[PDB]
Every structure is written in C-alpha cells, then in structure tokens.
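Participant: Take this structure first; my questions come after.
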Amino acid sequence: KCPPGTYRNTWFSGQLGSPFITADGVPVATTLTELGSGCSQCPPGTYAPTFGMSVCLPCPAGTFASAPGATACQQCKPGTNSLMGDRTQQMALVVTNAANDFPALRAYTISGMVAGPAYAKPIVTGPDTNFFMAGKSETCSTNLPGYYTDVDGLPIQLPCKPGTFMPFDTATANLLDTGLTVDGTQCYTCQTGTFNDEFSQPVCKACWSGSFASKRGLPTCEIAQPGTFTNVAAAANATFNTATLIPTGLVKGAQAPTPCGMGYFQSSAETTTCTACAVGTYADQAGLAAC
Amino acid sequence: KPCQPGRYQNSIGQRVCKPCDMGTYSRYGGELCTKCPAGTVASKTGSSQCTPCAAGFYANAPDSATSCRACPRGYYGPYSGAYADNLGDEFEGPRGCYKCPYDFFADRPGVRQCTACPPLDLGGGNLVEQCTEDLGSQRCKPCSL
Amino acid sequence: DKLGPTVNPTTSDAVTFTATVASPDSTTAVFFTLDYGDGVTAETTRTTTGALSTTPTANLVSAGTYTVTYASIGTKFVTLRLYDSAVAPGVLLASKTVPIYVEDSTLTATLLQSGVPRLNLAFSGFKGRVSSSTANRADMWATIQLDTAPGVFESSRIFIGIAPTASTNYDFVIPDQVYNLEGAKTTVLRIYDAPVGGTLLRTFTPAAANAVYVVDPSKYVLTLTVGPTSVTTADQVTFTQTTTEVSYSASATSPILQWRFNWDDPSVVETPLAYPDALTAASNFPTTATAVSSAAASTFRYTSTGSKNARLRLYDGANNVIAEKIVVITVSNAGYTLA
Amino acid sequence: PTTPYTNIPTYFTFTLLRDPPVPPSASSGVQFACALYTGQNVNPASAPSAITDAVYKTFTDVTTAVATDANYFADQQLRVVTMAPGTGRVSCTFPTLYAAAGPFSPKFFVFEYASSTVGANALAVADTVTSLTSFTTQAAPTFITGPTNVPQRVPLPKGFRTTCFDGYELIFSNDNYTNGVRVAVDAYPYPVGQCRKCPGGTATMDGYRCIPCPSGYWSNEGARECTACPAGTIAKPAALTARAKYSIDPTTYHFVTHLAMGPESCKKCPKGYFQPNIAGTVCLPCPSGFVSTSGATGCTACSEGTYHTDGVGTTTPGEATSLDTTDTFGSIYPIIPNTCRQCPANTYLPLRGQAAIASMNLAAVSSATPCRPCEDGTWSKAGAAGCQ
Ligand SMILES: *[C@@H]1O[C@H](CO)[C@@H](O[C@@H]2O[C@H](CO)[C@@H](O[C@@H]3O[C@H](CO[C@@H]4O[C@H](CO[C@H]5O[C@H](CO)[C@@H](O)[C@H](O)[C@@H]5O)[C@@H](O)[C@H](O)[C@@H]4O)[C@@H](O)[C@H](O[C@@H]4O[C@H](CO)[C@@H](O)[C@H](O)[C@@H]4O)[C@@H]3O)[C@H](O)[C@H]2NC(C)=O)[C@H](O)[C@H]1NC(C)=O
Ligand SMILES: *[C@@H]1O[C@H](CO)[C@@H](O)[C@H](O)[C@H]1NC(C)=O
C-alpha cells in the first residue's frame, strides 16, 4: 500500500496547485512523488490520512491544506475562514487576466445606500459562481465585513446579530472608540444615537429626526413621545463606495429627546419641532403634551 | 448560557466552548468531557453521547473507545457493548470476542455465534463426524484423523 | 466511420461508410476488406488500395457497391481489415471496428419545451413524448443531453414506463436542467430500452428553427417612461408607449417575448400579453432598442394613496418572468388649502 | 528536518546500527548508553568540561524519569537502551525544551553498557562525539489538526444554514438555492449559507464537502454514498474540462479532473482479461494457459490437445477487438491472445492449460509451443491427448 500522504490511481496522477496564489489564476501542474515508492503526493487542498488510497479526500469546510500531500489538514484560526480565494479577491470586481476574469470573484455583496442618493439591493448583482469552502488550497482568508469566527475551524463565517456590526478594519471603521480594535472575532455594539436592524452589517444606521437611541446596540430606534422632539440635521447614513464596497459617512443621531420649551407644546409623537399654542392657552412647564 | 452537548469549558470568564475530543462526550454545560463508559464508542469530536458496540464487534479500548472493530475469524462476540482490555489477548475481554469452542468454528469476522462442525458425507447413510484441532479455528477436519 | 445518413440509420436506411489508410514507414499497396455486422452478407472481395503515404488515402469505400441495409435494430459492428495478398492464407496486417447504431422506426419520440430557459437558474419546461406505431412496448428509459460541446455529459436515465395503447401519445416529465452558458444549444433526447445498457431505440434533436436558446436575463435593457412622479389622486399619470423600449444586448437571435404593464391599482387590470412594436411570433428579440407599441399614450388616475410600483414585465411562452422594470409613483393628497 | 521549535517539548530520537546483529540465540541483548548534551545551559547552569568520555560518562541516568520530576528536561542526560536478540537496530529518545532562540550545538555519545557500568566509547575509536547540525529555534505554530466544528447556537437570518444533509454541501452565496438547485438570483441582501447538491461522481455524509468516489465506485448527483461496479467491469471516470472563465458555474474543486458518473462508467474488461472482485480497479490478464469471454469474472483452461495462443486464422478468433480495448480504455489494456489451438499431427499434449512460450527477441530465440512429439512407434492424429 501507498504511504498515508500519497495516492496512486490508474487514470490520473500528479497534482494541480492553487490558482489563487498565482498571477493569471491558472493551476500549475506538478508531479511530486514519494521517494521510497512511486505514489504521487496529494494536491494542495486535499489530504490522505490512511495507507491505501486511490483518491485524495478534499478537506472539509473550515479546514485547509496548502502544501502537497499531507496526512491531515488544520483548522482555520479565529478571524479567518476557508472560503475559496483571498479576501482582496473575494471582494474584487476588476479583472486583470482578460481570458480568465481571474482576480474578480464576486463572492461578496451587500445592500445599502449609494452615491445616486439611491438605495441598492445587492450592490454586486449577478449569479454567484465562487461559493466553495471545502477545498482550501492556501492560507485561510480574513473574514468579509459583517462576519466573524470566534473558534477554530468554523465551516462558514457567521453574521453579526442585528444590534452589532463589524467594520472592514480599524482605520476604515465608522463610529468606533479609541481603544477598540477589530480583528474579525468580535462584533461591536452600535453607539448611542445609532441603531442596526439587519444581519451582517459593516456599519450601524443613524437614527432619523424624530427618534433617538438612548441605549447601546439597539435593534430599533426609539420614537419621541408627545411633549418632546429630536431634530439632528447632520445625521446621515453611510454611503457605500461602489468600487471598494466600503461605507464612509456616518453621523449619529440623538441620544435623548428635547422637551418642548416653556410656552410651547407638542402633541404628535414622531416630530422635529414644537408649536406655540394659540390665544387663550398657556404652557408654563417644559415638555407638555398639550398646553 | 451553558455549553451545549459535545462542548466543554474549564475556564471562567470565557466566551466560547471548546469541543470534546474523540472517545469523550458531554451533555449540557459541563466543565470537562466525560470519558465514554467501558464497551461503548465515540469517534467524532462533537459527540453528545457514546454508542455501544454492536453484537459481533468490540471497542478498541477499555475506557475511551474510538472505533468498533470486528472480531477476528476464529472468534465470536455474542454480547453488545463488548470491549477489549489489553491484559489478555488483543482480541479478548470480559465481554469481548471469545475463541470459538473446541469443536465449533467460524470463518466470517463479525459473527454472533460459532457454528458446529458438519459431518462429512462420503456416500449413502454414512457420515464421518468432524472435530477441530485447536481452540479458535475456522475450519473442521474429519475427527478420526 | 459511417457517413451514410448523418443521423443514426433505421432498418429502412442504407449506410455508406468512409475508410482511409496511411502508413508512416511503408509504401507498398495492400488489399482491404470491409465486413458488416449484418450476419448474412460475407466479407467484401479483396481489393487493392493506392500507394500508402503519411497522408491518408482517399475514401476507398466511396463506390456504390459498398452499401448495406440492416433488418434488426441495435448495435452493428462494422470491421475493416488489411491483408497483403488476395489469396485466403494471406497474412492479416491490421483491423478496425466501429459501431453503427440502428434505431427503431415504429417508435416516434419528441421533446417539447414550454418557455425560454434562462441562465444558471433552473429550467422545468421540458417534457418528452413517445408514440409507438405498434402495440404494447416494454419498459423504456430516457436521457437528455444539454449540448454537444466537450465536457457536457448525457444525463441519467429516467423511467418512462410502457406505451400499450398503440399510437397514443405518452408524456413524461424531465427533471430541472441548468445551463452554464447563454446562446444557442443542441439539446438531444435519447430513448433506450434498458436501465444500464441495452439498445438505443431513438434519438430526437429539435430542428434548426426550434433549437434551444439559453437567454441571459441581465442583458435585457428595459426603458420604462411613465409620466409624472409623485402626484395627487386628481393628477393624471401618463404612460407613453412610443418612448418605452425593450432590447436584448447580447445577440440578435434570441427568442421573442411578450410584454405586460401593470399600474399597481386594483381598479384596472394589467394589459394583455402583446408583442413589441412590429414583431410577431416568428421574429426574434431586437438588439437595437425598439418602442413597445405604436399606440397612443395611456392615461390613468389613481384611486388610492401611498406608493405604487408601475411595472413593465417581459413574459415568455410558459408565463415566466424574464425581465422587469419598476417606476415608483407616490400619490398623496397632502397639500390642499381650502378657504 | 534539523531545527526544533521554541518553548515546545522536543524529542530527539537517535538510531544505532550494529553490523553483525545480536544472534537470536543470545542469552540477552546488548546494552548501550546514550549521553546527550543539548547545548543549552538552563538546568545544569554550566556547560560541561572539555569534550571527552571522562565527563560525558558522568551525566545522570534519567531512563525511568516522568514528566513531573525536575530532571525530565535536564540538559545533560544519559539513557540506557538494550538490543534484543534478533534485532540490531536500536534507538534512544531524549526529551528537551529549548527556552531561547540562540544557536545551539548539541553533542552525542554512545558507550557500551556493562552490568550497571558505562564502558568505553561504542565507536571503538578514541573520544568521538557526534556533532549535530547547529540550529536556531523558530516560533511554534498554533494551528489545530482536526475536523470542522459545528457552530453552537447563534441568531441567524431566515434561510442561513450551518449544516447540510447527506448528498449536499455548504456554499456561501446570496442567490436562492432550493433542493440544491439554483432557482433565483439575489434572493438575499447579503451572502448566506446554502446547501447545494453534490455533483454526479461524488458523495458525502457530513455535508461540508463533496468527496469524489474511490476507484471502483460510481454515483449519481445527490448520492450520499457511492455504489460498486459489479464483478467483470471496472469503473472508468469521465474526463472533466475545467471552466473557461471565473464567471462560470463550476462543477467541483479545481484539483478534481476525473469523475465517475452514473452506471455508464462501468466498462467491461476485454477478452483475455478478467476481474472477480465486486469493487474492481484493474483488469487482470488471464493466467498463462487460460481463456475468457467479455464479461470474464473468471477464466477457463485450454483442454487437452490444445495450447493457448492467438487464433488469428482460426474459425472463431477469440481476441478482443479495437473497439473493446483502444476505444474504451485507451492504451492501458492492449489486445492479448486468448484462443486455444489444436496440436499438429504426430504431436500430443496431455495436460490442461498450456501456452506457446513467447520470445521477445525473435532473432536469437523463436517462440515455442509445448506440443510433445509422439514416441517412436506411435502416430496420433491431430490435437490429441495421447499417441496410438
Ligand atoms: C438611515 O437608514 C435607515 C434604513 O432603515 C433609516 O431607517 C428608516 O427610517 C425611516 C424614516 O425615515 C423609518 O420609517 C418608519 O416610518 C413609520 C411611519 O412614518 C410616519 O408615519 C406616520 C403615520 O401616521 C401616524 O402617525 C402620525 C404622526 O407620526 C400621525 O399624524 C397619524 O395620525 C398617525 O397616527 C405618517 O403620517 C408619516 O407620513 C410617516 O410615514 C414610523 O412609524 C416608523 O417607526 C418605526 O416603527 C418600526 C416598527 O417595526 C420600527 O422598526 C422602527 O424602529 C420605528 O420605531 C419609522 O419612522 C424606517 O422604519 C427606518 N427603518 C427601520 C427598519 O427602522 C434611517 O431613517 C436613515 N437615517 C437617516 C438619518 O437618514
Ligand atoms: C427561493 O425559492 C423558493 C421557490 O422558488 C421560494 O418559495 C422561496 O421563497 C425563495 N426564497 C427566498 C429567500 O426568496
């Protein structure tokens, strides 16, 4: 029998390397054999644990083997996963090998506001065609924005829960305090004045005028009550750079509602102003639902 | 929350639960993984319970079994949950595979009982009884010679 | 190899072959013999070839006497041998065997499709039809091959059943098929009489006019020009049919589709299925943008308030939705002052 | 092959070979003592004296040390090993632990071991050390070898999958994937985990990969385990063509180039070959003097008066055709002779299963048939088992 790192088959032999570590994205075929025998070593991305094997088993989702024939493949460390390709390639849209469309694996997409002040259901559309987690023939790729892996060898990236978010990295992160760093293992809460209600987001959303977010990591914005109002005119949502898929401009909303001043009152809930009430009525307290 | 079955956490203040190794299992939140009982097996690394080796098979350990192996050809295992303590033979335990009895035989590896040696037919109305030479054997010869 | 009939022959078809020889070291002429799997005819009388070069000789079997008609369906092994002398004990030098599949004539098989199959999305409009000219048939199995390009493989075998009641049409459904590339394809339907081996009873390929065309739904350009944006329920909204455009930006041979327009109001029905400006069921979808119709503009006044999705859709034969363009109109009677 | 890691218990195994092995009839094996100085200066706190036998014999005996006592990772160790009768290769293992990354020069010594006393240098020349290659310890990697971890319970969007069924695999996409077949594009705002059918030729039971079938097996698309080609036929996988561009749906991973599709991948062995096993991989040529049909789960022997050779000019040639060998398997299985031919006149053959013995260099030696001639006074007719 062949040793437990090699295989011998009648119909094929040799191995094909990973195309995601080359320039033109073409697997490079080599023929490495174990010295004491003739059996060929397993290709990168596969492994052979036992002795007599005709084919090399591909590694499962969450593991990787980046060298020729190996007895077993290791688990991807936290902060990295086993999606096919690299992160700068999973996110890219510009090809360099025209005959191959190589360095564009449109495997990352997201919905959001874009520069035609327009909402966009998935910014990267089309039929996904690079969706592979089993055969990982290189080092594990860093997580895409909005996803995290906290333990070794998770099969798939998990998405951040609605109240939290995960930026691209620390430098390009939106509202995120001084000491906090992002490495792909921790989803951070949304600051006060910001909310988030969707899964796997790279940025929080700004609370609109007439609403506030007093707590941290709110899945929904609180609505101002009669006798109060919030009017933050600089609050805005992040706009997604359609070329790099990274959102930039976020300004948080209000943390607490402003009570109506003396002589003014407000009766509707979601509003941005106070109305002075007419003749015959007065308001001698701040925050009156009806004078 | 407590660690789910198949996971454990021996430290305080952590945010993840580590997975149990082969031969061990764990129920809901537990500090450590408990070794499989004697005679039962667990091969994966997220096992929530240990399954017992079936009749005709034996566990390849006295405490933490990782694979149920078939009995050899000269042996038979009648009991479910048979294990192999390493003190005696390799394929022999208190409930593990036993040698076939002195005048019985078995040839298939995983068998739940040995079969008696058949008489040898030479012609009409004459049968030569057949015996076995050793204790654990897989073929019978005429008992006269 | 056979040239004969381009499609597989039947028991009522005569097969004509083509065979050439070439040697890279020798040049002396040899004598060739051709034998059919008929079982009744004998080996052809030994006849010489020309001088042998590296270039293969012309068709040695091109004469009119090298023909055969098979009386039974199945696989017939046609063999060709090379000797040196024309006498019986002459030494054999080479031999070549080729299979010829003769199909049944009493069984007619057709493959009918409902709508246009899009790209990688699944397609479930295919179904097959079998009609036997004779009485009860035994069990049958059918396979479908999506294209003849290399790397495209014949599917598994689907149990049809039996066809007992003479020349009645028996229909069977074909599992969902996925096409990897857009453009024209040559899908073939084959029918055998065994689950694993057996005889090739029939093959069917749609004619050049009915060939399958896989369409790419992201290449459909739709230009919808509904009238004014956010309005009131008293404001008339217009849909100009001479400015709205539909086109296919990949090729000029795509199948035609119908269009429909929805006002997103329950008071009015959506328009019936209609063709583009002047095309009919025998035309193709135009690559250059064309007006949807030459009629006058259509006006409508909404009966409620809110946000409405006035939409234009492209349907196919099976009433699938291939492409769709939505223009949003916000109706609201907000600012109205009465003194 | 030469350098260890840092702050990781590293085990040095030394293998000793003795030219005349200890006789199996020896009353006892031959004992040796291996002394190692790791080159570090942690535990003994001082490098030893000059490199001689007189100082290396002093190293403490740590043969039966455990991991608990302080001398387990001691830097100057002596371990006693024994060569059992019949053997002649032995090995001694030293545990070490290198706390820094500086260069190190370990030294090794072998001595003959008398009754609890270290003898002379085992290389029989004067004080010879075995200087290992100097090295610099690197940093220990922290990767874990094992299978995938099924994630614990987390909030997920409706449709996100973390486990697939049998015959399916987990993929990362934002399209719609029902029953393993894509039915719509962009059904989710963000990519989620979907279950996609395994391709024909592969099978799975965990749902995290599509494992191609081993040789001798085949399967259809959604199979959860491969099936074996029956006896007499071998499974030839069909050749795949890799996708032209990276904007095209792939079939499997980039390293998979042949797949064994449905039952059409079982091809019969040719004439003259046979294959008895129920999951067969190669066609075995018939044994010398035996013949077989196309199916050929077994062979039959040429009868008396007949010898096994090629029947090119006979009435019923039994050799395989070009279609059965070259158009089906390629150049792997060529055409071989499997006919039984009659003995000539005045020659007899009394045994079954005999073959014309071949000659590959036809100029010097010619091929010979094993047809015995009849003795004087006996004639025999043709293809006979005995003379008259
Ligand atoms: C960044 O991007 C964010 C993307 O989500 C975006 O969040 C969205 O913001 C919009 C507002 O711009 C949220 O709209 C929702 O509209 C509902 C109705 O709004 C008004 O309703 C009135 C109904 O009439 C009643 O009330 C009026 C007085 O208010 C009274 O006069 C009548 O008599 C009636 O009694 C109507 O007249 C007005 O015309 C408006 O249409 C609100 O009720 C919503 O409140 C929400 O309720 C949701 C229930 O699930 C809850 O999920 C929300 O958290 C919230 O409590 C809300 O105002 C939209 O919901 C929101 N998206 C989500 C999913 O939260 C941000 O606005 C954007 N940020 C910035 C700064 O641009
Ligand atoms: C996916 O497709 C099925 C059937 O076409 C449909 O019922 C289901 O709602 C779709 N899922 C999503 C997320 O749109």
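By order in the structure tokens, chains are A, B, ...; within a chain, residues start at 1; ligands start at 1, following the order shown.
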Taking only C-alpha atoms and all ligand atoms and a cut-off of 6 Å, can you tell me which residues surround ligand 1, written as an NGL selection string?
Facilitator: :A and (205-208 or 220-223 or 235-237 or 268-270)
Participant: Hey, which residues come within 10 Å of ligand 2 if we count only C-alpha atoms and all ligand atoms? Could you give them as number ranges by chain?
Facilitator: C: 122; D: 158-160, 174-179, 181-189
Participant: If you keep C-alpha atoms, can you produce a file of those selected residues as a CSV table (one decimal), in the first residue's frame?
Facilitator:
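Full text of result.csv as output:
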chain,number,residue,atom,x,y,z
C,122,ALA,CA,-33.2,26.0,-13.2
D,158,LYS,CA,-34.1,33.1,8.0
D,159,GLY,CA,-32.5,30.8,5.4
D,160,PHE,CA,-29.0,30.8,6.7
D,174,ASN,CA,-26.7,35.2,-1.8
D,175,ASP,CA,-28.8,33.6,-4.5
D,176,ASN,CA,-31.7,31.2,-4.0
D,177,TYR,CA,-30.8,27.5,-3.6
D,178,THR,CA,-33.8,25.2,-3.0
D,179,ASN,CA,-33.2,21.4,-3.2
D,181,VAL,CA,-30.6,23.7,-7.5
D,182,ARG,CA,-30.4,27.4,-8.0
D,183,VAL,CA,-33.9,28.8,-8.8
D,184,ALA,CA,-33.3,32.6,-8.5
D,185,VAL,CA,-30.5,35.1,-8.3
D,186,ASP,CA,-30.0,37.6,-5.5
D,187,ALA,CA,-32.7,36.4,-3.1
D,188,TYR,CA,-30.9,37.8,0.0
D,189,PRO,CA,-29.3,41.2,0.7
Participant: Can you list, as a count of residues only, every residue of stretch 65-289 of chain C that DSSP puts in strand (DSSP E or B)?
Facilitator: 91
Participant: Can you tell me, as a VMD selection string, what residues are no more than 10 Å from residue D:152 when counting only C-alpha atoms, ignoring any on the same chain fewer than 5 positions away?
Facilitator: (chain A and resid 154) or (chain B and resid 3 to 7 16 to 17) or (chain D and resid 162)
Participant: Mind listing as an MDAnalysis selection string which residues of chain C are within 10 Å of chain A, counting only C-alpha atoms?
Facilitator: chainID C and resid 119:121 217:218
